[PDB]
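Visitor: Residue numbers (the entry's author numbering), protein chains in the order written: chain G, 32 to 140, 151 to 185, 188 to 308, 311 to 321, 321A, 322 to 355, 357 to 398, 406 to 507; chain L, 6 to 67, 67A to 67C, 68 to 95, 95A to 95C, 96 to 210; chain H, 1 to 82, 82A to 82C, 83 to 100, 100A to 100R, 101 to 126, 128 to 211; chain E, 2 to 214; chain D, 1 to 52, 52A, 53 to 72, 72A to 72H, 73 to 82, 82A to 82C, 83 to 100, 100A to 100F, 101 to 222; chain B, 512 to 549, 567 to 664. Each residue gets a CB set at the ideal place from its N, CA and C atoms; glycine is no exception.
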Amino acid sequence: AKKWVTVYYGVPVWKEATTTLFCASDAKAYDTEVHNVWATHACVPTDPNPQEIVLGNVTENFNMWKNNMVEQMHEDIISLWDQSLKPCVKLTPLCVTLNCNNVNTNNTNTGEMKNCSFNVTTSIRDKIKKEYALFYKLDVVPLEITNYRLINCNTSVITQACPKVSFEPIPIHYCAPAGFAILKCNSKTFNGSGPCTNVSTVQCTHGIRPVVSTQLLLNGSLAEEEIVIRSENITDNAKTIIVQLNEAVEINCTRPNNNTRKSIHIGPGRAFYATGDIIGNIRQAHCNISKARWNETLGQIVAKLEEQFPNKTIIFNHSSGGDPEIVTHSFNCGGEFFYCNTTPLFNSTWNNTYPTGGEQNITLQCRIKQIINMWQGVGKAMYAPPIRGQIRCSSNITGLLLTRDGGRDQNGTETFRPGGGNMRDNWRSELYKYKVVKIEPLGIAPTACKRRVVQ
Amino acid sequence: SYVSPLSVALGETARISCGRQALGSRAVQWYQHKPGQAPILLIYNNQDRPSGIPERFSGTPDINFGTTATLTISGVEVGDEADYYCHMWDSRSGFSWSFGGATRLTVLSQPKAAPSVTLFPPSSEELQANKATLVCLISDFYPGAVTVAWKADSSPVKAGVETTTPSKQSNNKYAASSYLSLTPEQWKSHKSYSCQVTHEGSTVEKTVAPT
Amino acid sequence: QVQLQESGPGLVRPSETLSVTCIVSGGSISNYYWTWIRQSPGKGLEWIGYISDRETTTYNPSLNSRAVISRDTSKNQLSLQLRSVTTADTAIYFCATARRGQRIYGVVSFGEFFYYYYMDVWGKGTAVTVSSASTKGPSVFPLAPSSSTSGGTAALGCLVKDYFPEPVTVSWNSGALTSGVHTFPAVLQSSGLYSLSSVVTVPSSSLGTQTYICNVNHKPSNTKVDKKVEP
Amino acid sequence: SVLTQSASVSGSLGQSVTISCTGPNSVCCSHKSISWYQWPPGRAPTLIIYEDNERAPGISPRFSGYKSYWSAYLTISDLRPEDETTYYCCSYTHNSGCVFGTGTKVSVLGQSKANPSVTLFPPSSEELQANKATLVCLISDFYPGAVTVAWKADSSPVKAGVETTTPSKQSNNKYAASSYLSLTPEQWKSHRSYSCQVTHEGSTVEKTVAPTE
Amino acid sequence: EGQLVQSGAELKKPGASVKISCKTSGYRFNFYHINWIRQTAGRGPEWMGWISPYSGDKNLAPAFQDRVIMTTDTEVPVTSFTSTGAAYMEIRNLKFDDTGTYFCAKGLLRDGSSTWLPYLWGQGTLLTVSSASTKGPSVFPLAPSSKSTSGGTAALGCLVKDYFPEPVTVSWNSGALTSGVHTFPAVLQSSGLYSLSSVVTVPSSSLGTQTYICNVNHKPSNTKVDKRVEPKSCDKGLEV
Amino acid sequence: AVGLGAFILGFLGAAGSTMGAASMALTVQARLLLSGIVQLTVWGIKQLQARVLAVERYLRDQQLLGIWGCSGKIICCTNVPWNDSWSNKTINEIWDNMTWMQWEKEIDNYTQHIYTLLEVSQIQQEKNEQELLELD
Ligand SMILES: *[C@@H]1O[C@H](CO)[C@@H](O[C@@H]2O[C@H](CO)[C@@H](O[C@@H]3O[C@H](CO[C@H]4O[C@H](CO[C@H]5O[C@H](CO)[C@@H](O)[C@H](O)[C@@H]5O)[C@@H](O)[C@H](O)[C@@H]4O[C@H]4O[C@H](CO)[C@@H](O)[C@H](O)[C@@H]4O)[C@@H](O)[C@H](O[C@H]4O[C@H](CO)[C@@H](O)[C@H](O)[C@@H]4O)[C@@H]3O)[C@H](O)[C@H]2NC(C)=O)[C@H](O)[C@H]1NC(C)=O
Ligand SMILES: *[C@@H]1O[C@H](CO)[C@@H](O[C@@H]2O[C@H](CO)[C@@H](O[C@@H]3O[C@H](CO[C@H]4O[C@H](CO)[C@@H](O)[C@H](O)[C@@H]4O)[C@@H](O)[C@H](O[C@H]4O[C@H](CO)[C@@H](O)[C@H](O)[C@@H]4O)[C@@H]3O)[C@H](O)[C@H]2NC(C)=O)[C@H](O)[C@H]1NC(C)=O
Ligand SMILES: *[C@@H]1O[C@H](CO)[C@@H](O[C@@H]2O[C@H](CO)[C@@H](O[C@@H]3O[C@H](CO[C@H]4O[C@H](CO)[C@@H](O)[C@H](O)[C@@H]4O)[C@@H](O)[C@H](O[C@H]4O[C@H](CO)[C@@H](O)[C@H](O)[C@@H]4O)[C@@H]3O)[C@H](O)[C@H]2NC(C)=O)[C@H](O)[C@H]1NC(C)=O
Ligand SMILES: *[C@@H]1O[C@H](CO)[C@@H](O[C@@H]2O[C@H](CO)[C@@H](O[C@@H]3O[C@H](CO)[C@@H](O)[C@H](O[C@H]4O[C@H](CO)[C@@H](O)[C@H](O)[C@@H]4O)[C@@H]3O)[C@H](O)[C@H]2NC(C)=O)[C@H](O)[C@H]1NC(C)=O
Ligand SMILES: *[C@@H]1O[C@H](CO)[C@@H](O[C@@H]2O[C@H](CO)[C@@H](O[C@@H]3O[C@H](CO)[C@@H](O)[C@H](O)[C@@H]3O)[C@H](O)[C@H]2NC(C)=O)[C@H](O)[C@H]1NC(C)=O
Ligand SMILES: *[C@@H]1O[C@H](CO)[C@@H](O[C@@H]2O[C@H](CO)[C@@H](O[C@@H]3O[C@H](CO)[C@@H](O)[C@H](O)[C@@H]3O)[C@H](O)[C@H]2NC(C)=O)[C@H](O)[C@H]1NC(C)=O
Ligand SMILES: *[C@@H]1O[C@H](CO)[C@@H](O[C@@H]2O[C@H](CO)[C@@H](O[C@@H]3O[C@H](CO)[C@@H](O)[C@H](O)[C@@H]3O)[C@H](O)[C@H]2NC(C)=O)[C@H](O)[C@H]1NC(C)=O
Ligand SMILES: *[C@@H]1O[C@H](CO)[C@@H](O[C@@H]2O[C@H](CO)[C@@H](O[C@@H]3O[C@H](CO)[C@@H](O)[C@H](O)[C@@H]3O)[C@H](O)[C@H]2NC(C)=O)[C@H](O)[C@H]1NC(C)=O
Ligand SMILES: *[C@@H]1O[C@H](CO)[C@@H](O[C@@H]2O[C@H](CO)[C@@H](O)[C@H](O)[C@H]2NC(C)=O)[C@H](O)[C@H]1NC(C)=O
Ligand SMILES: *[C@@H]1O[C@H](CO)[C@@H](O)[C@H](O)[C@H]1NC(C)=O
Ligand SMILES: *[C@@H]1O[C@H](CO)[C@@H](O)[C@H](O)[C@H]1NC(C)=O
Ligand SMILES: *[C@@H]1O[C@H](CO)[C@@H](O)[C@H](O)[C@H]1NC(C)=O
Ligand SMILES: *[C@@H]1O[C@H](CO)[C@@H](O)[C@H](O)[C@H]1NC(C)=O
Ligand SMILES: *[C@@H]1O[C@H](CO)[C@@H](O)[C@H](O)[C@H]1NC(C)=O
Ligand SMILES: *[C@@H]1O[C@H](CO)[C@@H](O)[C@H](O)[C@H]1NC(C)=O
Ligand SMILES: *[C@@H]1O[C@H](CO)[C@@H](O)[C@H](O)[C@H]1NC(C)=O
Ligand SMILES: *[C@@H]1O[C@H](CO)[C@@H](O)[C@H](O)[C@H]1NC(C)=O
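#1: Going by DSSP, what residues sit across from D/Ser128 in a beta bridge?
#2: Based on Cα-Cα distance, which residue from B/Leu646, B/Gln575, B/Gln652 lies nearest to B/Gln567?
#3: H/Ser100F versus chain G: which residues are under 8 angstroms apart at the beta carbon?
#4: Any idea which residues DSSP pairs G/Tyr177 with across the strands?
#5: If you count every other CB in all the chains shown that lies within 10 Å of the CB of D/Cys216, and 16 or more means buried, which is it?
#6: Could you compute how far the alpha carbon of E/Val148 sits from the alpha carbon of G/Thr240?
#7: Helix, strand or coil, according to DSSP, for H/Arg82A in the structure here?
#8: Does the beta carbon of E/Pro46 sit closer than 8 angstroms to a beta carbon anywhere in chain D?
#9: Need the endpoints of the beta strand (DSSP E) that E/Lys106 sits in, please.
#10: Counting beta carbon pairs with one atom in the region 270 to 281 of chain G and one in the region 80 to 88 of chain G, are three or more of them shorter than 8 angstroms?
See below:
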């Protein structure tokens, strides 16, 4: 009938706190070992067997928008990039001016890949050579003999990424340190921020690929049953809408130009790689998306958009308010960075939920660059070395990024704009289900147990 | 500029390379032209031939890029010998106006034919017009390389001699004619006039005398 | 099933407007394409220009300056006109019925297809000369039979004296005799005129009562001459 | 019910009172727990005792439990006016539902007397229009229990159309009751007055209405 | 510290079926059993059964094992330790003796020896099984009567007459008048119909500053009666 | 009820269950409280600082359990009475109607005070008397 405190070691008590998570990537061992930037294997390999522990009777509130795991992953990508550019060639003496000719092509009724000629001091400092190269139009801007320079030379320095490192995304796992654990939602239709009914705990998150992208998302996690429209504030137009797909739609992008790789000696031991003379037919890089599969995927997105919205509802408009890098769906495949015109992709008009004889494969043209300032990162730019041969790749699209028009003070129904407001939202699209907590294994409690008297 | 020569054995198949090779996907036309006659195309699409063309001719389709557009001629005979043009239409080059460089096909080891020389004295009505011309006609000789030498008595003429360059006829043999302009008094002066036609190592001579 | 017939002067003074006509009998002009190809001696064929079925011209950039091509709707004939001709413009003129193909090496919507033409039907071809010199009509001298070879084979013919207009047509008995005929090519004499000969090989049995007459027509001189040949 | 309690019991103010709860050995107390509930009629009950002696959360220490091998008891100490109600025990195991008892009504003695409030209403004029006439005699705020009601027509008893309700407890721990006399307008108009007589064991109160006024 | 709110009172004919709901709030609905207990005049309080919202398991008394169908919904989360839920109870083959009051009750403990013991109880659902049809009441005004001449108090109210379904509801001034209200229980006439009275005690001087309106709602008949009590009284003691 | 070595409830296996339920299996959150036991890049300093943080937090608990007379034991009883000002619930209400979570959220106010009372009133007093009693 008397109560005495009794301390316990190992109590199931956790608290929400922030820790410095680390990476987990399975072992890739090969003779032709090519190091990877986005997920270096310096981080500990994942366990051979994943261990997930279900937490019955737990109701925990998740908020993907306040999650500190996103802010850390976004900071891990930035610092992982710069460590691969430091030991590679920087194109500082290549800011010399260029006299450029348009590519040879018959005008059916202009040219963007272009051609240029410039000087290059050899490995020896006094000698001077003169060679030619082929630089896409977006990478060079004129100064007045139609003289030219690189787009970045008056802005900042530029470094050429080594050809050894690969620009492909491999699944990454985020493990929390000992004494902590990660809580994972499992509700089939889990609203963005709220309570998750049946939760579980895991030490390392599932295989997340770090795919840098804009507008529509690629190679993500597909939610089951009906699709979901996660938003921090569906009533505020300034808040980004994240969308999720249930069925996987496939995208097919190729660069048909069979280019070549010319090694130029701009300095001692520094080989600047550039595009050689084109071989074969002149062509532009396109992307194909089956409209029969995009039509159904679009018809389901408006339904979930008609649920968050009134019964009288209409459809969207596209891509106005930023730089041409924001306008186009930017990503990477094979090594070249595409920038696709997504006008035909959102073309439709639905009412209470385009051409009947329209062509089978939707096809968009994608302008390619080679000088990039990604994640809005001003300063040292990166030069993507040209890829030998023909480029062909196919990805799965798993998510979109929209944005409301923003009516001034009144609404003529409603329109939506595809917009990548921030690069971090590409991580919220996969870190919505995870959350980090610390374990407090100290628990005082009363029982009718008094320790032995002092004797 | 000028014509490219090509020599092939009789009956053996042959191939004809095409100048200014394409830089991308191409649709080449092959035209068979004989001097003075109408040109006939054998292959409008690199693998397609119109109705009437025999199956001996064929062209190289461009299934995979890098193939060279050649014109194959199986069973090379007398009739295949002509000038061949290769029209080019690639995707990299603009409007291709000109035709390809001509290709002079010559069929080898074709049997030689002895020439048929025919000498004609000047007509009586031509003499009334105070002129006289000797007509020496050569026909049905294959090796187109005859040298015509004239002889007045035992003396070469060497003057007023006009001779055609050999031209092929319908029999695929060549044909040449030599003309010797004279004055009616010089024609009446000499005993006889001779036309010597040297063909290969051989030589044929015809002689005509005034009445 | 399509026949083309070229007609023209065959002789034009320098620095004047050449004209020609291409008569079609197979089908309508508004269904296929037409073009003109000339043949100059010592040089390869040359494509000068073409006309579409909806009447749209397109000329070779080297002749682009002086060439105009038209087609008549009432008459199935296409006319050619060349201004400021020289004696290099002298050639055998071919009109041909061209038709169009479409070569696509990629997607049709983003261009990536080039049009190529080919002329499947050709005309006989007309000859045109350019020279400041005047027209010279030919005179006909008969070549009497030598009375020649054993077995009865003998030879006669007709001589055509010097003329400058190069094209010359020769027939026999108004085209009644075709065996043994062999019209030889004309020779360009130092006089500046051409001269040809036409022989016919016939048996000696019929060499007496043959009544062989050669018919020498000529167009630039506008003269038709018939000559009797007898031993 | 096979679980029998004492039909009634009484205790004085500020004193204690004990209630019993016993039955056959099929509903024995040795191998089953006993829980007590305070169940005022017309309202939701409240758990005061669960798993025998241990009391529910919030229950004052005045309540206490005890269970013998043959019966169980519930002792209410320091009686209050609100403790004057009905009580049930319950027999249950962990996986077998509850078996309620017969019931026990507790009466607290040593009480203060409350004077009865009597009010009599005549039938409204709108009611007399439709040929109906009903007298309403309302009684309220009497601490002494069990009231008796009597009706009279011109100082003479009535027996046709008399309906009297059972006594009901007021929110202020007092009691209330009502009675109705259904009549015809001829009986209503042919009499000089009607009376509702409320009789208690200590004093009798009478209220009279007259159809003339 | 949660509230249990049950469905309203219903009137069904014998032989039919009825389904009662019990919406919860203020606690983890998955952590406690939901007991169903009824109370009739012939058998007293009778326990019917309980059901588990987390496991779906149910125990019914054999007296109700063949006629009670209990179901639960899925809890709707509110916070981390509270939620809202709903429990259902379906009874078929109704008889006249089944007429009484039905309760749903929250369990006691999550673990232990009395995990299902009914602890928190709802307000109870009144079920009447009769072959007669619904009858609406007739409301009459009760003229003011004197309560204390020296104290200056009076009493007025409204009368309810001849309504068949038992539930009765009376309010004053749309709920703005709650002090001094005293509602009396109903009477069971020999015809089967019910009737009761409601009276409120107010000062006698409050006649030109306060409006008195009795609002009678009889939801089984879907009838609302708003009667204005005439403040002019016939009592000679109150006229003084 | 009771699992005889095959319960595999796992790390935080019963955080939604009652306090008395989860208290029976507290070696699962004990071994797995220091699971990190089983090159200048970012993953090097992020891992080396994650290892040293884990070892530093583990040594905080064993530090407190050392100045409490509990170093070896997972469960250990005390001698300081439970003031009802901390919580006023019954031993049937705490260990059968509450999970460690909501329970710790109720006594979190007073923990730092109890952590003091625990080490001064006991173990510090015990060792002083354990020195005096064994003197004779
Ligand atoms: C999350 O939180 C919830 C709280 O809602 C937890 O649920 C609670 O679990 C505890 C522990 O298990 C329960 O305490 C026990 O409750 C027992 C009563 O229910 C069990 O057994 C009965 C027996 O069923 C038969 O008999 C019935 C007679 O009433 C009859 O109705 C039925 O049809 C059967 O014929 C089952 O009815 C009941 O469902 C349950 O377990 C059974 O069913 C489940 C699911 O269907 C199944 O998986 C099981 O295998 C089993 O078949 C009670 O008997 C028991 O007391 C006895 O054991 C305890 C051990 O602690 C001992 O202390 C005691 O002395 C007895 O020996 C104990 O009281 C509690 O009732 C549950 N509460 C609710 C509201 O569900 C849940 O566990 C938790 N989850 C996690 C992951 O932590
Ligand atoms: C999808 O995700 C959204 C989040 O983006 C969830 O939104 C919930 O919306 C409700 C709306 O009622 C919010 O409730 C609001 O809570 C405010 C304060 O929060 C405290 O109290 C709430 C009690 O509900 C606690 O949950 C919370 O932890 C805090 O302790 C109140 O101040 C609000 O009331 C005020 O405004 C309203 C009008 O808007 C007035 O009527 C009030 O008088 C007062 O002025 C309001 O009650 C809730 O906080 C949001 N989050 C939840 C519930 O987790 C959606 O619910 C979610 N949907 C689904 C299906 O998951
Ligand atoms: C939203 O954006 C999308 C993406 O572009 C548009 O979809 C395209 O719409 C265009 C028309 O705007 C479509 O192009 C049309 O193609 C037809 C071809 O189909 C015929 O021929 C093919 C073979 O080539 C057959 O297989 C088929 O059975 C048909 O027989 C053309 O007939 C159309 O011609 C029209 O335009 C041309 C050129 O301008 C004119 O010369 C014609 O006179 C005529 O006006 C047309 O070219 C295209 O197919 C659609 N894409 C796909 C993937 O199918 C939506 O139209 C657009 N919606 C808007 C803007 O409201
Ligand atoms: C894209 O552009 C690239 C150019 O960068 C181009 O690759 C080139 O392909 C040609 C083939 O047409 C290669 O030429 C080869 O050279 C090698 C040198 O060792 C030879 O061995 C090859 O012949 C061999 O294989 C034959 C196959 O049947 C054999 O039969 C033969 O006996 C030999 O074993 C051949 O001559 C050229 O080297 C490459 N250039 C490179 C790789 O830089 C490619 O074809 C283009 N593709 C498209 C689709 O446009
Ligand atoms: C509660 O959340 C859990 C957490 O994931 C969900 O459980 C998952 O349910 C799926 C059902 O298709 C299980 O998939 C299958 O599991 C079996 C058993 O391991 C396996 O043999 C199959 O290959 C497949 O993986 C999945 O295991 C399970 N996840 C876990 C971690 O147990 C569940 O859907 C949610 N709903 C409920 C009602 O609990
Ligand atoms: C993107 O879409 C593609 C559609 O092709 C999905 O490909 C699927 O990938 C899985 C895993 O590799 C395939 O399963 C495996 O197939 C191989 C080959 O037959 C077999 O040997 C293995 O045992 C296994 O079954 C699956 O077949 C394949 N789909 C199809 C239609 O073939 C891919 O999963 C999608 N990715 C994302 C992220 O959505
Ligand atoms: C994007 O590219 C993918 C893959 O390159 C295309 O997927 C292909 O789609 C067809 C659709 O029928 C598949 O055909 C299949 O053929 C097999 C064998 O006969 C048959 O059993 C199946 O039922 C089906 O008919 C094809 O396998 C599939 N994948 C590949 C590798 O070919 C897709 O069409 C493209 N989408 C675009 C361009 O929009
Ligand atoms: C969605 O597509 C529509 C297509 O019409 C876009 O509407 C156009 O919006 C521009 C905005 O600048 C209008 O330009 C106008 O410029 C004048 C200059 O004085 C100014 O006074 C107007 O207030 C306006 O800004 C343009 O007129 C309008 N189109 C037409 C036909 O009038 C719309 O902007 C697109 N929305 C998005 C988010 O892309
Ligand atoms: C890009 O420009 C350079 C410079 O004009 C071109 O280089 C010349 O190409 C021609 C072939 O047409 C060669 O004969 C010359 O020898 C090249 N010059 C030098 C200095 O090497 C180059 O061809 C152009 N590339 C393209 C695709 O047009
Ligand atoms: C340097 O390049 C420019 C054009 O880019 C050229 O005019 C100049 O002659 C070059 N100087 C050298 C090769 O020394
Ligand atoms: C969303 O924005 C609206 C308008 O600014 C504001 O009233 C509302 O509180 C916001 N809600 C959230 C959850 O941000
Ligand atoms: C649909 O929305 C329109 C808005 O104009 C409105 O008139 C109508 O009543 C709505 N109908 C429904 C069922 O919401
Ligand atoms: C659009 O939808 C609304 C509401 O469903 C309807 O009233 C209106 O007629 C529709 N208009 C068109 C053009 O479809
Ligand atoms: C797309 O779907 C809508 C609705 O199902 C339909 O009306 C339309 O014809 C479809 N278009 C195509 C190209 O499949
Ligand atoms: C419990 O704490 C309160 C508040 O500090 C104090 O007044 C009381 O004396 C304490 N009682 C015991 C037994 O420690
Ligand atoms: C604490 O316990 C006392 C003794 O029963 C009681 O009077 C008081 O209300 C309780 N307070 C709380 C908050 O439980
Ligand atoms: C202690 O907890 C109580 C109950 O939640 C709260 O009222 C009080 O403010 C807390 N005190 C402190 C110092 O946090």
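Guide: The structure says:
#1: Position 146 of the fifth sequence, counted from the start, is the residue given in the question as residue 128 of chain D. DSSP lists D/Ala136 as partners of D/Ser128.
#2: For the purposes of this step, residue 567 of chain B is taken as residue 39 along the sixth sequence, with counting starting at 1. The shortest C-alpha separation from B/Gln567 is found at B/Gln575.
#3: On the third sequence, residue 100F of chain H is found 109 positions in, with the first residue counted as 1. Contact of H/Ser100F with chain G by beta-carbon distance below 8 angstroms involves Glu411, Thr415.
#4: Locating residue 177 of chain G in the first sequence gives position 136, where the first residue counts as 1. None; G/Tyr177 has no bridge partner.
#5: The count along the fifth sequence starts at 1 and reaches residue 216 of chain D at position 234. Looking at its Cβ environment, which holds fewer than 16 other Cβ atoms inside 10 Å, D/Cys216 is exposed.
#6: Taking the fourth sequence and counting its residues from 1, the one referred to as residue 148 of chain E is at position 147. Taking the first sequence and counting its residues from 1, the one referred to as residue 240 of chain G is at position 197. Computed Cα separation, rounded: 58 angstroms.
#7: In the third sequence, residue 82A of chain H corresponds to position 83, counting from 1. In this structure, H/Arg82A counts as coil in the three-state DSSP scheme.
#8: By 1-based counting over the fourth sequence, the position of residue 46 of chain E is 45. Chain D has a Cβ within less than 8 angstroms of the Cβ of E/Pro46.
#9: Residue mapping note: residue 106 of chain E aligns to position 105 of the fourth sequence, counting from 1. First-last of the beta strand (DSSP E) with E/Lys106: 105 to 110.
#10: They do not touch, by the three-pair rule.
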